[PDB]
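# Notes for the structure review
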Amino acid sequence: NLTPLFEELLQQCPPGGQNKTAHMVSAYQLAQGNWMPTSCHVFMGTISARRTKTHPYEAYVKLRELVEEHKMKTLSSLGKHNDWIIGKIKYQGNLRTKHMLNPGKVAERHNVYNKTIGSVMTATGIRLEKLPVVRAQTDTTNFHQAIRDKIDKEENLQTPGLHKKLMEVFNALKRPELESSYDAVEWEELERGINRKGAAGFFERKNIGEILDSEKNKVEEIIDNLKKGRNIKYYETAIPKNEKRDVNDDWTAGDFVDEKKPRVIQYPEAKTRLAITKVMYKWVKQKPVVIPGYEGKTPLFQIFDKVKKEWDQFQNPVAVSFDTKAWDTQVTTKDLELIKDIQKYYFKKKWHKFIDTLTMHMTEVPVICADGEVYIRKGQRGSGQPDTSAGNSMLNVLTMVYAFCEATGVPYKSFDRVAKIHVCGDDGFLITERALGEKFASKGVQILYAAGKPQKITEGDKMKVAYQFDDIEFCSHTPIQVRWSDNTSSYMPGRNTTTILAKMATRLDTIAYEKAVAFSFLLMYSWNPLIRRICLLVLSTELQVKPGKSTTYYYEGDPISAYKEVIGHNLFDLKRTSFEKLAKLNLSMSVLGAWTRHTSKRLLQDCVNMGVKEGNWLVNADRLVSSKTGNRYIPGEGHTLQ
């Protein structure tokens, strides 16, 4: 017989659940005969069978090949940790990627017009038909090509020994007063500013709020294992821009943040977003600001006021822009390893394992598409990661300081003595003397390729150089200057009049909201009289209704006093808007034909026709309206919130 040799292998065949779905044969009736396996796993002494007339040796012959087959799949590809995603596959994958993995698939918001604000515009002659559309979506056929055109690529060639020279740079701007101090935050500070409707991962069913409401302990798990050193089932989810699941966990300082978003948004599970944030809150939100020149916490109206205070100190100043062609897909793995080392400098000793583990996942990122198509990302930064704004910024300044010093020979220590730098994620610029700025302008497009951050096509391979202050571009705005009553000057954030009217009149699937929008726009665009007069005309409607709260800002009490609180001047005090700069930004209106010759005066007459009746009328907040209407506006106490 052969059973004494069959008991040998049985005490080696892997365990399994005793399944009665078929025939579970004996540890000895195998050597009987005609009982050959079709599966291996033992139920404390059984396997499958087939009644296939096998010889007492043909049984052992087959079974030992399954044990060889099991000791093989168990004990490559798809990462050294991400191997779990193979289970969730069911179909073969059509994505046609040439530079990264693609193992199959898994089982798988219209924008509307503002009633009040839009009606106001049409009444003056503004043709909304001739205005840019600012919320278009995209087809999935177009979406699939977007991944092949932008995302699937081998990590760019970062020059030998570069990430040492980048640490050489960070060593200068390090903050020893904060070294090894950061810690996890309590659930209250994290929850304070959080969007209760944050998007959920592909395998998730509840959103950021419900995760907080019910399974707050499940997030505490992800935090523990990561802090202990265990691999977690890290996945990211990929959706196109303006998809119903493109939702920000934090507050955007303007409608421009969602605008400098890439076509392809990658975000981890909502439970994972909170796990990272309840820990790294001090870095990701950048609660103390550490990356020099990071303006993500700065509000829009002072962004250029703060800068002109530095531009006015250089004997002959110039500015240079960072146009990194699609920055998010330009991040090598040594980069994530660098930001990892940075995060360890300011975080406590207990939390390094959290940083060590999480970074390992962020290098080999498995990303599930909207239709189920799963791909493996060759590094790069997911645009929806918690570390995006924080990490990208630190990466921008370290690269751009390197590129500046490398093109000009200025030591890394002596950088602040010859230049100032401002960034926001990947967008930013850099101010210095005319002499130095030209070197970094020409040699820059080269040195930046060497680092792996390729500039755009540009002109003659020279970076964008701003010679006069008001030619700077930052956060999709440009500096425009206003002159107040008391003859002072101050720069406000400027933009194209069409691009503002487009973003102001549209929604995304409510008079209170219409007013909070008009106030939020007045803080930034009171320099544009066509827009100031619109905002006053909407705010002066239905003064009973308190304003909304879902937009960037809103007001508590009297808006003309809230404006005073944040701008440092009353809207009445706006005496003159810069002559030349207001031409350039109004010009897009005439080329598109969005206004008429009579539009400028017609908007003004409606304000004068409103605030001429005896009393205290909002529209009188305009300097000229009040000027020809005789009255003034006396506002009570008002404040600004978000």
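Residues numbered from 1 in each chain as written, not as in the entry; some residues may be left out. Heavy atoms only, no water. Residues with missing side-chain atoms left out of burial classes, pairs and counts.

For the rest of this paragraph, the subject is the domain arrangement of the protein chain. For the protein chain, the domain assignment lists domain 1 (3–73), domain 2 (115–132 + 477–641) and domain 3 (140–469). Just the C-alpha atoms count here: the centres of domain 1 and domain 3 sit 55 Å apart. (Domains from an automatic or database assignment.)

Take the pattern of salt bridges next. When the shortest N-O distance is used, the salt bridge between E69 and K73 registers 3.1 Å. Taken as a pair, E69 and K73 lie in helix α3 (residues 56–73) at a separation of four residues, close to a single helical turn. The residue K453 makes a salt bridge to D335 at a minimum N-O spacing of 2.6 Å. Taken as a pair, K453 in the loop between α16 (444–451) and β8 (465–466) and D335 in helix α12 (residues 333–346) lie far apart in primary sequence, 118 residues in all. Connected via shared salt-bridge partners are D255, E259 and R495. (Salt bridge = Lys/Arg side-chain N within 4 Å of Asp/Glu carboxyl O. Helix = DSSP H or I, 4+ residues; strand = E, 2+ residues; numbered from the N terminus.)

Strand order in this open sheet of three strands is β10-β9-β12, and the pairing throughout is antiparallel. Where the open sheet ends on each side, the last strands, each with one partner, are β10 (489–494) and β12 (574–577). Taken over all neighbouring pairs, the strand axes of this sheet differ in orientation by 40 degrees on average, direction set aside. Bridge count between strand β9 (residues 478–484) and β12: three bridges; the pairing is antiparallel. Among the inter-strand pairings, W484 is bridged to a residue of β12, identified as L574. (Pairing = 2+ DSSP bridges. Axes fitted to C-alpha atoms, helices over the stretch in contact; angles between N-to-C directions.)

What follows is about unusual backbone geometry. What is expected of a backbone is that most residues other than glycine have negative phi and most peptide bonds are trans. Non-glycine residue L78 carries a positive phi angle of around 55 degrees. When you line up the elements, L78 lands in the loop between α3 and α4 (115–124). Of note, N487 is a non-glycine position whose phi angle comes to about 70 degrees, a positive value. For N487, the position within the fold is in the loop between β9 and β10.

What follows is about the packing of aromatic side chains. Their ring planes at 80 degrees and their centres at 6.2 Å tell us that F170 and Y346 sit as a pair that is edge-to-face. Taken together, the positions of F170 in helix α6 (residues 162–173) and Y346 in helix α12 put the pair 176 residues apart, joining distant regions of the chain. A centroid spacing of 5.5 Å and a plane angle of 45 degrees characterise the contact between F202 and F203, whose relative ring orientation is tilted. Three or more aromatic residues link up through ring pairs in this structure, and these residues are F170, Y182, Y345, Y346 and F347. Its guanidinium or amino end placed over the ring of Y182, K282 lies 5.4 Å from that ring's centre, counting from NZ or CZ. One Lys or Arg, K308, reaches over the ring of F469 and ends 5.5 Å from the middle of that ring. (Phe/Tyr/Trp six-rings, centres within 6.5 Å; stacked < 30°, edge-to-face > 60°. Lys NZ or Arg CZ within 6 Å of the ring centre and 35° of its normal.)

The four strands are arranged β2-β1-β4-β5 in an open sheet whose pairing can be described as mixed. Edge positions in the open sheet fall to β2 (264–268) and β5 (374–378), since each of these has one partner strand only. Between one strand axis and the next, the sheet turns by 35 degrees as a mean value, whatever way the strands run. Alignment of strand β1 (residues 236–240) against strand β4 (residues 364–368), held across two bridges, turns out to be parallel. Note that in β4 the partner of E236 across the bridge is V367. Sitting on the sheet, helix α5 (residues 140–150) touches β1, β2 and β5, and the angle it makes with β1 is about 125 degrees. (Contact = heavy atoms within 4.5 Å.)

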